[PDB]
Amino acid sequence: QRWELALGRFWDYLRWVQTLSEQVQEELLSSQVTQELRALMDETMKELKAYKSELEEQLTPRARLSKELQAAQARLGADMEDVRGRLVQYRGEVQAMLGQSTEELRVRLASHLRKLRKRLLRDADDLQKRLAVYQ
């Protein structure tokens, strides 16, 4: 699916960001990372909505699976939005610290991202299965 490929590009970027290399940190504090993740997330949600709408339009006279599918869409979007939000929060916290060690913040950020990756795995799988049934 187009939306699955767009989600793949989001994943590809997130796996690099997780490393929290000094290059990642440069591009996080400059806002390049959060700008790019926003673009990747918006494309994923745009393609997912377009696909769902095409399926919708293909159907005849399920009404419950429809609301549960809307919820599965929303969960994926919320997962991606929370990845971005954690990275924006990290940047704001570092700006506030006058050059002192960030190490504790990066350990906490890395943990938030690992938990979000588990959620992304399960929420995308649920959404894929639900879309296939809906079709």
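Position 1 is the first residue in the sequence shown; the rest follow in order.
Participant: I'd like the number of residues from the deposited sequence that lie between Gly99 and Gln100 yet are not in the model, binned as none, 1 to 3, 4 to 9, or 10 or more.
Facilitator: Nothing is missing.
Participant: On average, are the C-alpha B-factors higher in 105-113 or in 47-55?
Facilitator: Taking the mean C-alpha B-factor of 105-113 and of 47-55, the larger value falls to 47-55.
Participant: Using only the Cα atoms and their B-factors as the entry lists them, report which of 77-85 and 62-70 averages higher.
Facilitator: The stretch with the larger average C-alpha B-factor is 62-70.
Participant: Taking the values straight from the PDB record, which of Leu127, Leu14, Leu120, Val24 has the highest C-alpha temperature factor?
Facilitator: Within the set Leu127, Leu14, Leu120, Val24, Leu127 shows the top C-alpha B-factor.
Participant: Would you check the entry's CA temperature factor for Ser31 and let me know if it's in the chain's lowest, middle or highest third?
Facilitator: Tercile = highest for this residue's CA B-factor.
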